[PDB]
$ cat run-v2.csv   # CSV, N, CA, C and O atoms and all ligand atoms
chain,number,residue,atom,x,y,z
U,1,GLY,N,-11.2,-1.8,-26.3
U,1,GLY,CA,-10.0,-1.9,-25.4
U,1,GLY,C,-10.5,-1.6,-23.9
U,1,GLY,O,-11.7,-1.7,-23.6
U,2,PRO,N,-9.5,-1.4,-23.0
U,2,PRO,CA,-9.8,-1.1,-21.6
U,2,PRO,C,-10.7,0.1,-21.3
U,2,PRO,O,-10.7,1.1,-22.1
U,3,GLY,N,-11.5,0.1,-20.2
U,3,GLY,CA,-12.3,1.2,-19.8
U,3,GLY,C,-11.6,2.3,-19.0
U,3,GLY,O,-12.3,3.2,-18.5
U,4,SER,N,-10.3,2.1,-18.7
U,4,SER,CA,-9.5,3.0,-17.9
U,4,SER,C,-9.5,4.5,-18.4
U,4,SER,O,-9.3,4.8,-19.6
U,5,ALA,N,-9.6,5.4,-17.4
U,5,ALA,CA,-9.6,6.9,-17.7
U,5,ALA,C,-8.2,7.4,-18.1
U,5,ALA,O,-8.1,8.4,-18.8
U,6,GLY,N,-7.2,6.8,-17.6
U,6,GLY,CA,-5.7,7.1,-17.9
U,6,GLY,C,-4.8,6.3,-17.0
U,6,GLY,O,-5.1,5.8,-16.0
U,7,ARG,N,-3.5,6.2,-17.4
U,7,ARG,CA,-2.5,5.4,-16.7
U,7,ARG,C,-2.1,6.0,-15.4
U,7,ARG,O,-1.9,5.2,-14.4
U,8,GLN,N,-2.1,7.3,-15.2
U,8,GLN,CA,-1.9,8.0,-13.9
U,8,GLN,C,-3.0,7.9,-12.9
U,8,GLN,O,-2.8,8.0,-11.7
U,9,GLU,N,-4.2,7.6,-13.4
U,9,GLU,CA,-5.4,7.6,-12.5
U,9,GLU,C,-5.4,6.3,-11.5
U,9,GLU,O,-5.8,6.4,-10.4
U,10,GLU,N,-4.8,5.2,-12.0
U,10,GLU,CA,-4.6,4.0,-11.2
U,10,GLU,C,-3.6,4.3,-10.0
U,10,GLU,O,-3.9,3.9,-8.9
U,11,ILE,N,-2.6,5.1,-10.3
U,11,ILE,CA,-1.6,5.6,-9.3
U,11,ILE,C,-2.2,6.6,-8.3
U,11,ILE,O,-2.0,6.6,-7.1
U,12,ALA,N,-3.1,7.5,-8.8
U,12,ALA,CA,-3.8,8.5,-8.0
U,12,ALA,C,-4.8,7.8,-7.0
U,12,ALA,O,-4.8,8.2,-5.8
U,13,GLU,N,-5.5,6.7,-7.4
U,13,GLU,CA,-6.2,5.9,-6.4
U,13,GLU,C,-5.3,5.2,-5.4
U,13,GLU,O,-5.6,5.2,-4.2
U,14,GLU,N,-4.2,4.6,-5.9
U,14,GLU,CA,-3.3,3.8,-5.0
U,14,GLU,C,-2.6,4.7,-3.9
U,14,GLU,O,-2.4,4.3,-2.8
U,15,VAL,N,-2.2,5.9,-4.3
U,15,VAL,CA,-1.6,7.0,-3.4
U,15,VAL,C,-2.7,7.4,-2.4
U,15,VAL,O,-2.4,7.6,-1.2
U,16,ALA,N,-4.0,7.5,-2.8
U,16,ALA,CA,-5.1,7.8,-1.8
U,16,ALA,C,-5.3,6.6,-0.9
U,16,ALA,O,-5.6,6.8,0.3
U,17,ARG,N,-5.2,5.3,-1.3
U,17,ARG,CA,-5.2,4.1,-0.5
U,17,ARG,C,-4.0,4.0,0.5
U,17,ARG,O,-4.3,3.7,1.7
U,18,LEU,N,-2.8,4.4,0.1
U,18,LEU,CA,-1.6,4.5,0.9
U,18,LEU,C,-1.8,5.6,2.0
U,18,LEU,O,-1.6,5.3,3.2
U,19,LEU,N,-2.4,6.7,1.6
U,19,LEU,CA,-2.7,7.8,2.6
U,19,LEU,C,-3.7,7.4,3.6
U,19,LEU,O,-3.5,7.6,4.8
U,20,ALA,N,-4.8,6.8,3.2
U,20,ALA,CA,-5.8,6.2,4.1
U,20,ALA,C,-5.2,5.2,5.1
U,20,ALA,O,-5.5,5.2,6.3
U,21,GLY,N,-4.3,4.3,4.6
U,21,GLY,CA,-3.6,3.4,5.5
U,21,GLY,C,-2.7,4.0,6.5
U,21,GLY,O,-2.8,3.7,7.7
U,22,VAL,N,-2.0,5.1,6.2
U,22,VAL,CA,-1.2,5.9,7.2
U,22,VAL,C,-2.1,6.6,8.2
U,22,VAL,O,-1.8,6.6,9.4
U,23,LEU,N,-3.2,7.2,7.7
U,23,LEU,CA,-4.1,8.0,8.6
U,23,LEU,C,-5.1,7.1,9.3
U,23,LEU,O,-6.0,7.6,10.0
U,24,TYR,N,-5.0,5.8,9.3
U,24,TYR,CA,-5.8,4.8,10.0
U,24,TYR,C,-7.3,5.0,9.6
U,24,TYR,O,-8.2,4.9,10.4
U,25,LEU,N,-7.6,5.2,8.3
U,25,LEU,CA,-8.8,5.6,7.7
U,25,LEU,C,-9.3,4.6,6.6
U,25,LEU,O,-8.4,3.8,6.1
U,26,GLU,N,-10.5,4.6,6.2
U,26,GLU,CA,-11.0,3.9,5.0
U,26,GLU,C,-10.8,4.8,3.7
U,26,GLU,O,-11.1,6.0,3.7
U,27,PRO,N,-10.3,4.3,2.6
U,27,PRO,CA,-10.2,5.0,1.3
U,27,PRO,C,-11.6,5.4,0.7
U,27,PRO,O,-11.7,6.3,0.0
U,28,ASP,N,-12.6,4.7,1.2
U,28,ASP,CA,-14.0,5.0,0.9
U,28,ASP,C,-14.6,6.3,1.5
U,28,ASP,O,-15.6,6.8,1.0
U,29,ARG,N,-13.9,6.8,2.5
U,29,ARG,CA,-14.3,8.1,3.2
U,29,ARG,C,-13.2,9.1,3.2
U,29,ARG,O,-13.4,10.3,3.7
U,30,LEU,N,-12.0,8.9,2.6
U,30,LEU,CA,-11.0,9.9,2.3
U,30,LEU,C,-11.4,10.7,1.1
U,30,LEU,O,-11.8,10.1,0.1
U,31,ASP,N,-11.1,12.0,1.1
U,31,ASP,CA,-11.3,12.9,0.0
U,31,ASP,C,-10.0,13.2,-0.7
U,31,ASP,O,-9.2,14.0,-0.2
U,32,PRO,N,-9.7,12.6,-1.9
U,32,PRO,CA,-8.4,12.7,-2.6
U,32,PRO,C,-8.1,14.2,-3.2
U,32,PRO,O,-7.0,14.5,-3.4
U,33,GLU,N,-9.2,14.9,-3.4
U,33,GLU,CA,-9.1,16.3,-3.8
U,33,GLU,C,-8.8,17.3,-2.7
U,33,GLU,O,-8.5,18.5,-2.9
U,34,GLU,N,-8.8,16.9,-1.4
U,34,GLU,CA,-8.6,17.7,-0.2
U,34,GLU,C,-7.1,17.7,0.1
U,34,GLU,O,-6.3,16.8,-0.2
U,35,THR,N,-6.6,18.8,0.8
U,35,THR,CA,-5.2,18.9,1.1
U,35,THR,C,-4.7,18.0,2.2
U,35,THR,O,-5.5,17.6,3.1
U,36,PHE,N,-3.5,17.6,2.3
U,36,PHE,CA,-2.9,16.8,3.3
U,36,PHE,C,-3.1,17.4,4.7
U,36,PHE,O,-3.5,16.7,5.7
U,37,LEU,N,-2.9,18.7,4.8
U,37,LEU,CA,-3.2,19.4,6.1
U,37,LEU,C,-4.6,19.4,6.6
U,37,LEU,O,-4.9,19.2,7.8
U,38,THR,N,-5.6,19.5,5.7
U,38,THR,CA,-7.0,19.4,6.0
U,38,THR,C,-7.5,18.0,6.3
U,38,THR,O,-8.4,17.7,7.1
U,39,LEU,N,-6.9,17.0,5.6
U,39,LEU,CA,-7.0,15.5,5.9
U,39,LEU,C,-6.4,15.1,7.2
U,39,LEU,O,-6.6,14.0,7.7
U,40,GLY,N,-5.6,16.0,7.9
U,40,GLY,CA,-5.0,15.8,9.2
U,40,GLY,C,-3.7,15.1,9.2
U,40,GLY,O,-3.3,14.5,10.2
U,41,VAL,N,-2.9,15.2,8.1
U,41,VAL,CA,-1.5,14.8,8.1
U,41,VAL,C,-0.6,15.7,8.9
U,41,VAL,O,-0.3,16.8,8.6
U,42,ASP,N,-0.2,15.1,10.1
U,42,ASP,CA,0.9,15.7,10.9
U,42,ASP,C,2.3,15.5,10.3
U,42,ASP,O,2.4,14.7,9.5
U,43,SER,N,3.3,16.2,10.8
U,43,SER,CA,4.7,16.1,10.4
U,43,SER,C,5.2,14.6,10.2
U,43,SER,O,5.7,14.2,9.2
U,44,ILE,N,5.0,13.8,11.3
U,44,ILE,CA,5.5,12.4,11.3
U,44,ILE,C,4.7,11.6,10.3
U,44,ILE,O,5.2,10.8,9.5
U,45,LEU,N,3.3,11.8,10.2
U,45,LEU,CA,2.5,11.1,9.2
U,45,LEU,C,2.8,11.5,7.8
U,45,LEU,O,2.7,10.6,6.9
U,46,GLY,N,3.2,12.7,7.5
U,46,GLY,CA,3.8,13.1,6.2
U,46,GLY,C,5.0,12.4,5.8
U,46,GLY,O,5.1,11.8,4.7
U,47,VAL,N,6.0,12.3,6.7
U,47,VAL,CA,7.2,11.5,6.5
U,47,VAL,C,6.9,10.0,6.3
U,47,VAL,O,7.5,9.3,5.5
U,48,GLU,N,6.0,9.4,7.1
U,48,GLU,CA,5.5,8.0,7.0
U,48,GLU,C,4.8,7.7,5.6
U,48,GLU,O,5.0,6.7,5.0
U,49,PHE,N,4.0,8.7,5.1
U,49,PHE,CA,3.4,8.6,3.8
U,49,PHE,C,4.4,8.7,2.7
U,49,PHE,O,4.4,7.9,1.8
U,50,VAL,N,5.4,9.6,2.8
U,50,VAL,CA,6.5,9.6,1.8
U,50,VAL,C,7.3,8.4,1.8
U,50,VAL,O,7.7,7.8,0.8
U,51,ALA,N,7.6,7.8,3.0
U,51,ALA,CA,8.3,6.5,3.2
U,51,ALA,C,7.5,5.3,2.6
U,51,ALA,O,8.1,4.4,2.0
U,52,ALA,N,6.2,5.3,2.8
U,52,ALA,CA,5.3,4.3,2.2
U,52,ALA,C,5.3,4.3,0.7
U,52,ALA,O,5.3,3.3,0.0
U,53,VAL,N,5.3,5.5,0.1
U,53,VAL,CA,5.4,5.7,-1.4
U,53,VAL,C,6.8,5.3,-1.9
U,53,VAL,O,6.8,4.6,-2.9
U,54,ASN,N,7.9,5.6,-1.2
U,54,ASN,CA,9.2,5.1,-1.5
U,54,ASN,C,9.3,3.5,-1.4
U,54,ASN,O,10.1,2.9,-2.1
U,55,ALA,N,8.6,2.9,-0.5
U,55,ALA,CA,8.5,1.5,-0.3
U,55,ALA,C,7.6,0.8,-1.4
U,55,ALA,O,8.0,-0.3,-2.0
U,56,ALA,N,6.5,1.4,-1.8
U,56,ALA,CA,5.6,1.0,-2.9
U,56,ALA,C,6.2,1.1,-4.3
U,56,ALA,O,6.0,0.2,-5.1
U,57,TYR,N,7.0,2.1,-4.5
U,57,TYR,CA,7.6,2.4,-5.9
U,57,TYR,C,9.1,2.9,-5.8
U,57,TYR,O,9.4,3.7,-4.9
U,58,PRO,N,10.0,2.6,-6.7
U,58,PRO,CA,11.4,3.0,-6.8
U,58,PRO,C,11.6,4.4,-7.2
U,58,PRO,O,12.5,4.7,-8.0
U,59,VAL,N,10.7,5.4,-6.8
U,59,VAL,CA,10.6,6.7,-7.3
U,59,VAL,C,11.6,7.7,-6.6
U,59,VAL,O,11.9,8.8,-7.1
U,60,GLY,N,12.0,7.3,-5.3
U,60,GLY,CA,12.9,8.0,-4.5
U,60,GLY,C,12.4,9.4,-4.0
U,60,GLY,O,13.3,10.3,-3.8
U,61,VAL,N,11.1,9.6,-4.0
U,61,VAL,CA,10.6,11.0,-3.8
U,61,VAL,C,10.9,11.6,-2.4
U,61,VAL,O,10.9,10.9,-1.4
U,62,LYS,N,11.2,12.9,-2.3
U,62,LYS,CA,11.6,13.6,-1.1
U,62,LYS,C,10.3,14.3,-0.5
U,62,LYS,O,9.4,14.7,-1.2
U,63,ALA,N,10.3,14.5,0.8
U,63,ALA,CA,9.2,15.1,1.5
U,63,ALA,C,8.9,16.6,1.1
U,63,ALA,O,7.8,17.1,1.3
U,64,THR,N,9.8,17.3,0.4
U,64,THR,CA,9.5,18.6,-0.2
U,64,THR,C,8.4,18.6,-1.2
U,64,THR,O,7.7,19.6,-1.4
U,65,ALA,N,8.1,17.4,-1.8
U,65,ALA,CA,7.0,17.3,-2.8
U,65,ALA,C,5.6,17.5,-2.1
U,65,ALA,O,4.7,17.8,-2.8
U,66,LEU,N,5.5,17.4,-0.8
U,66,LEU,CA,4.3,17.7,-0.1
U,66,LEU,C,3.9,19.2,-0.1
U,66,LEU,O,2.8,19.6,0.0
U,67,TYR,N,5.0,20.1,-0.3
U,67,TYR,CA,4.8,21.5,-0.4
U,67,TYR,C,4.5,21.9,-1.9
U,67,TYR,O,3.6,22.7,-2.2
U,68,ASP,N,5.1,21.2,-2.9
U,68,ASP,CA,4.9,21.4,-4.3
U,68,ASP,C,3.5,20.9,-4.7
U,68,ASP,O,2.9,21.5,-5.6
U,69,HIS,N,3.0,19.8,-4.1
U,69,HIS,CA,1.7,19.2,-4.4
U,69,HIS,C,0.9,19.0,-3.1
U,69,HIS,O,1.2,18.1,-2.4
U,70,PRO,N,-0.1,19.9,-2.8
U,70,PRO,CA,-0.7,19.9,-1.5
U,70,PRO,C,-1.8,18.9,-1.3
U,70,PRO,O,-2.2,18.7,-0.1
U,71,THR,N,-2.2,18.1,-2.3
U,71,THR,CA,-3.2,17.0,-2.3
U,71,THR,C,-2.6,15.7,-2.7
U,71,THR,O,-1.7,15.7,-3.6
U,72,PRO,N,-3.1,14.5,-2.4
U,72,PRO,CA,-2.7,13.3,-2.9
U,72,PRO,C,-3.0,13.1,-4.4
U,72,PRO,O,-2.2,12.6,-5.2
U,73,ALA,N,-4.1,13.7,-4.9
U,73,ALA,CA,-4.5,13.8,-6.3
U,73,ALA,C,-3.5,14.6,-7.2
U,73,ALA,O,-3.4,14.3,-8.4
U,74,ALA,N,-2.8,15.6,-6.6
U,74,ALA,CA,-1.7,16.3,-7.3
U,74,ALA,C,-0.4,15.6,-7.1
U,74,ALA,O,0.3,15.4,-8.1
U,75,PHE,N,-0.1,15.1,-5.9
U,75,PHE,CA,1.2,14.4,-5.6
U,75,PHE,C,1.4,13.2,-6.4
U,75,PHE,O,2.5,13.0,-6.9
U,76,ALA,N,0.4,12.3,-6.6
U,76,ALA,CA,0.4,11.1,-7.4
U,76,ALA,C,0.8,11.3,-8.9
U,76,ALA,O,1.4,10.4,-9.5
U,77,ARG,N,0.6,12.5,-9.4
U,77,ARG,CA,1.0,12.8,-10.8
U,77,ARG,C,2.5,12.8,-11.0
U,77,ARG,O,3.0,12.3,-12.0
U,78,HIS,N,3.3,13.2,-10.0
U,78,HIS,CA,4.7,13.1,-10.0
U,78,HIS,C,5.2,11.7,-9.8
U,78,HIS,O,6.2,11.2,-10.4
U,79,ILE,N,4.5,10.9,-8.9
U,79,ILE,CA,4.8,9.5,-8.7
U,79,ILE,C,4.5,8.7,-10.0
U,79,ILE,O,5.3,7.8,-10.4
U,80,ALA,N,3.5,9.1,-10.8
U,80,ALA,CA,3.2,8.5,-12.1
U,80,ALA,C,4.2,8.9,-13.2
U,80,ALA,O,4.7,8.0,-13.9
U,81,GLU,N,4.6,10.2,-13.3
U,81,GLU,CA,5.5,10.6,-14.4
U,81,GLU,C,7.0,10.1,-14.2
U,81,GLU,O,7.7,9.8,-15.1
U,82,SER,N,7.4,9.9,-12.9
U,82,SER,CA,8.7,9.3,-12.6
U,82,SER,C,8.7,7.8,-12.8
U,82,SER,O,9.8,7.2,-13.0
U,83,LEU,N,7.6,7.1,-12.9
U,83,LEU,CA,7.4,5.7,-13.4
U,83,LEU,C,7.2,5.7,-14.9
U,83,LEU,O,7.1,4.6,-15.5
U,84,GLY,N,7.0,6.8,-15.6
U,84,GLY,CA,6.8,6.9,-17.0
U,84,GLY,C,5.3,6.7,-17.5
U,84,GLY,O,5.1,6.5,-18.7
U,85,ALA,N,4.4,6.7,-16.6
U,85,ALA,CA,2.9,6.6,-16.8
U,85,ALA,C,2.4,7.9,-17.4
U,85,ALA,O,1.7,7.8,-18.5
U,101,LIG,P1,5.6,19.4,10.7
U,101,LIG,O1,5.3,19.1,9.3
U,101,LIG,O2,5.0,20.6,11.2
U,101,LIG,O3,7.1,19.5,10.8
U,101,LIG,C1,7.7,19.9,12.1
U,101,LIG,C2,9.3,19.7,12.1
U,101,LIG,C3,9.6,18.2,11.9
U,101,LIG,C4,9.8,20.5,10.9
U,101,LIG,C5,9.8,20.2,13.5
U,101,LIG,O4,9.2,19.6,14.6
U,101,LIG,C6,11.3,20.2,13.6
U,101,LIG,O5,11.9,19.2,14.0
U,101,LIG,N1,12.0,21.3,13.2
U,101,LIG,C7,13.4,21.5,13.2
U,101,LIG,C8,13.8,22.2,14.5
U,101,LIG,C9,15.3,22.5,14.6
U,101,LIG,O6,16.1,22.2,13.7
U,101,LIG,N2,15.8,23.1,15.7
U,101,LIG,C10,15.1,23.5,16.9
U,101,LIG,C11,15.1,22.4,17.9
U,101,LIG,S1,14.2,23.0,19.4

$ encode --input "run-v2.csv" --output "structure tokens"
Amino acid sequence: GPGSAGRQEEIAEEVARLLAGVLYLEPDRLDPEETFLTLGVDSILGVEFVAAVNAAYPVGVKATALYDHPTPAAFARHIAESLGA
């Protein structure tokens, strides 16, 4: 069958690609294990990343999830479980 590590891992990559797009960066040089604050997410860029995830998927996620999950690799697990992955 498929070589995939898990269903949620595809969404963890895609959330890191969305974050690199908001931060005007390459996903090849973004660290997905690093915090949003250390990656340089300002207040407006946090709201724009949350809005980009709400546009990408019908998950309806609120900006309070940035405090519950401090990295994109943690945050994407909620975006995956709300899609049933
Ligand atoms: P960022 O993630 O540091 O967020 C900053 C903020 C959007 C919360 C902040 O700039 C803000 O607007 N806080 C609310 C301030 C308020 O309600 N009243 C004081 C107006 S001077």

$ closest_residue --input "run-v2.csv" --among "U:51, U:79, U:24, U:36" --to "residue U:66" --atoms "all atoms listed in the file"
U:36

$ residues_near_ligand --input "run-v2.csv" --ligand "ligand LIG 101 (chain U)" --cutoff "6 Å" --atoms "all atoms listed in the file" --output "PyMOL selection string"
chain U and resi 42-44

$ residues_near_point --input "run-v2.csv" --point "(-3.0, 13.9, -9.1)" --cutoff "12 Å" --atoms "only C-alpha atoms" --output "PyMOL selection string"
chain U and resi 6-16+32-35+68-81

$ closest_residue --input "run-v2.csv" --among "U:19, U:58, U:52, U:82" --to "residue U:39" --atoms "only N, CA, C and O atoms"
U:19

$ atom_distance --input "run-v2.csv" --atom1 "atom CA of residue U:62" --atom2 "atom CA of residue U:50"
7.1 Å

$ atom_distance --input "run-v2.csv" --atom1 "atom C of residue U:26" --atom2 "atom N of residue U:40"
13.0 Å

$ atom_distance --input "run-v2.csv" --atom1 "atom CA of residue U:61" --atom2 "atom CA of residue U:41"
17.4 Å

$ decode --input "run-v2.csv" --residues "stretch 14-39 of chain U" --atoms "N, CA and C atoms" --output "tab-separated table (two decimals), in the first residue's frame"
chain	number	residue	atom	x	y	z
U	14	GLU	N	0.97	20.77	4.95
U	14	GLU	CA	0.17	21.81	4.28
U	14	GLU	C	-0.01	23.07	5.14
U	15	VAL	N	-0.20	22.91	6.46
U	15	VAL	CA	-0.23	24.02	7.43
U	15	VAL	C	1.13	24.74	7.52
U	16	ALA	N	2.25	24.02	7.42
U	16	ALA	CA	3.58	24.63	7.32
U	16	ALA	C	3.80	25.38	5.99
U	17	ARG	N	3.26	24.88	4.87
U	17	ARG	CA	3.23	25.59	3.57
U	17	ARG	C	2.36	26.85	3.60
U	18	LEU	N	1.18	26.80	4.23
U	18	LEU	CA	0.33	27.98	4.46
U	18	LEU	C	1.03	29.03	5.32
U	19	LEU	N	1.72	28.61	6.40
U	19	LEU	CA	2.49	29.51	7.26
U	19	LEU	C	3.65	30.18	6.51
U	20	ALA	N	4.42	29.43	5.72
U	20	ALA	CA	5.48	29.99	4.89
U	20	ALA	C	4.94	31.01	3.87
U	21	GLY	N	3.77	30.75	3.28
U	21	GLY	CA	3.08	31.70	2.39
U	21	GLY	C	2.69	33.02	3.07
U	22	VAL	N	2.15	32.97	4.29
U	22	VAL	CA	1.82	34.17	5.10
U	22	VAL	C	3.07	34.95	5.50
U	23	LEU	N	4.14	34.26	5.91
U	23	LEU	CA	5.41	34.86	6.35
U	23	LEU	C	6.36	35.25	5.19
U	24	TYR	N	5.90	35.17	3.94
U	24	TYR	CA	6.66	35.50	2.72
U	24	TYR	C	8.00	34.73	2.63
U	25	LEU	N	7.94	33.44	2.96
U	25	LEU	CA	9.06	32.52	3.15
U	25	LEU	C	8.94	31.28	2.24
U	26	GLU	N	10.02	30.52	2.10
U	26	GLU	CA	10.00	29.18	1.50
U	26	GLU	C	9.69	28.11	2.56
U	27	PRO	N	8.81	27.12	2.30
U	27	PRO	CA	8.58	26.00	3.22
U	27	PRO	C	9.81	25.10	3.36
U	28	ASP	N	10.75	25.17	2.40
U	28	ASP	CA	12.05	24.48	2.45
U	28	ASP	C	13.01	25.04	3.52
U	29	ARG	N	12.78	26.27	4.02
U	29	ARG	CA	13.58	26.93	5.07
U	29	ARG	C	12.81	27.28	6.36
U	30	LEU	N	11.50	27.05	6.39
U	30	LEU	CA	10.68	27.11	7.60
U	30	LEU	C	10.91	25.87	8.49
U	31	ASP	N	10.99	26.06	9.81
U	31	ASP	CA	11.08	24.98	10.81
U	31	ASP	C	9.70	24.69	11.45
U	32	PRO	N	8.99	23.61	11.09
U	32	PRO	CA	7.63	23.35	11.58
U	32	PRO	C	7.58	22.96	13.07
U	33	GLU	N	8.69	22.48	13.64
U	33	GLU	CA	8.82	22.20	15.08
U	33	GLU	C	9.05	23.46	15.94
U	34	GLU	N	9.31	24.62	15.32
U	34	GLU	CA	9.56	25.89	16.02
U	34	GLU	C	8.25	26.65	16.32
U	35	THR	N	8.22	27.48	17.37
U	35	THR	CA	7.01	28.24	17.75
U	35	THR	C	6.67	29.34	16.75
U	36	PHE	N	5.38	29.69	16.63
U	36	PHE	CA	4.91	30.81	15.82
U	36	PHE	C	5.61	32.13	16.19
U	37	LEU	N	5.81	32.39	17.49
U	37	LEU	CA	6.50	33.58	17.99
U	37	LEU	C	7.97	33.63	17.55
U	38	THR	N	8.68	32.50	17.59
U	38	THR	CA	10.10	32.42	17.18
U	38	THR	C	10.28	32.43	15.65
U	39	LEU	N	9.30	31.90	14.91
U	39	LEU	CA	9.19	32.03	13.44
U	39	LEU	C	8.84	33.46	12.98
